[PDB]
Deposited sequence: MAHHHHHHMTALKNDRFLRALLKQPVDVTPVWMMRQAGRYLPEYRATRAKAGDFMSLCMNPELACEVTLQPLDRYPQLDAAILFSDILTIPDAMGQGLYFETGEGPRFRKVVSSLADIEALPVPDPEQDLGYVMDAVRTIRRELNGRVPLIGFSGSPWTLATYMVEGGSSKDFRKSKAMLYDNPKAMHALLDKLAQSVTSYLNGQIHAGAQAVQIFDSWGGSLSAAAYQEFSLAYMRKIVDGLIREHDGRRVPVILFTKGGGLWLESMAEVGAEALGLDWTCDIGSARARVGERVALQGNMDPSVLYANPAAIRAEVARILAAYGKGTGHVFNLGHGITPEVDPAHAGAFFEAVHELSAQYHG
């Protein structure tokens, strides 16, 4: 029973009154009410694993900012490797390094092994009461694989890439199991009530053009081929986002997903020319703009709207997550600007 669905409409190239906006990490430490809930939870994993708390932080930006046109599931990108028994605490107690390691990895069952995520989705979907669509998400196979091979956050992905060039056979094995896992994970979230899904390929941008095709994109394509594309009588749009992936939009546009995420390095007008006929686009403002005065924030919104131009097919967002020191009022000025200034570009 969706009351506001312009976010979905834009992704599906349907007419809209204004350009929709949401923001990566809109539930995060820049919000004092998030910091309160996080302290109430006690630690970050408790917040993630408690569906009531995950819901609480998910709703917080929506209640603060009526301009936001979508909710995104609050969770950790690393749920799946954690579930595989790798012991997430940002590092892993168990680290992938041999083919033998990978073969032993189980493919997590969404409801039996990741039930708390599924519970969070159901809880959020209920509590939203149709106010805005709910976005489910997961990290990409390549991105999750690097976390599992690096053993956590990495200096420069030397180990992950070395293993890629030395033992591509083992890396294929790992990526394939992760593709399997991500597919069922997202399908789980969709069954639980997610109305769109986004794949975050956060580290795909560090790959060479060739390695990106073989070791990241091919596995996102596998996932999209396995996703539930319709639920609750509506299409469930898929958004692929490779940060730093602007060079590669053309191939990304042929995977069959509805939309591609963009970061600020890619001119969105150029992106629309290159692949606009095949996908919706989401993005792409540099988050650092939010540290500037409201006039500058408005000016940058106007520039980006002008670059995209007239008509549907754009969802406004940043090109990366907001950072903890941003003034919530500057975030608000951003969302307001998108709705106020974009109206002229529709109709």
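Taken in order along the deposited sequence, the stretches absent from the coordinates are 1-10, 100-105.
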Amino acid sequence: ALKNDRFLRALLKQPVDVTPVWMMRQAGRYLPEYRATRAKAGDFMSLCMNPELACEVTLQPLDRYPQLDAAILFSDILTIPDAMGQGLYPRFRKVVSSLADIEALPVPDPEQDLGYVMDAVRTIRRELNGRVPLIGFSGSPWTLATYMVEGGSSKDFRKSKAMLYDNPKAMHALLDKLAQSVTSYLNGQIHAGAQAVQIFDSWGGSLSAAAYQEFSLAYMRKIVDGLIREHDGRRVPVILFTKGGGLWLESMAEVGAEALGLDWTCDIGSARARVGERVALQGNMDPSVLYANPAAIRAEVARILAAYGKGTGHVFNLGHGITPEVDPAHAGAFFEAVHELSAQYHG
From here on, numbers count along this sequence of modelled residues.
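Checked against the record, the higher mean CA B factor of 227-235 and 273-281 lies with 227-235.
Relative to one another, 41-49 and 28-36 have unequal mean CA B-factors, and 41-49 is the one with the higher figure. Of the candidates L260, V96, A196, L73, the PDB record gives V96 the highest C-alpha temperature factor. Of the candidates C266, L186, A162, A253, the PDB record gives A162 the highest C-alpha temperature factor. When all modelled residues of the chain are sorted by CA temperature factor, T143 is found within the middle third. When the modelled residues of the chain are ordered by their C-alpha B factor, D176 lands in the highest third.
Among all modelled residues in its chain, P61 ranks in the lowest third by Cα B-factor. When the modelled residues of the chain are ordered by C-alpha B-factor, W248 sits in the lowest third. In the deposited entry, the Cα temperature factor of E214 places it in the middle third of its chain's modelled residues.
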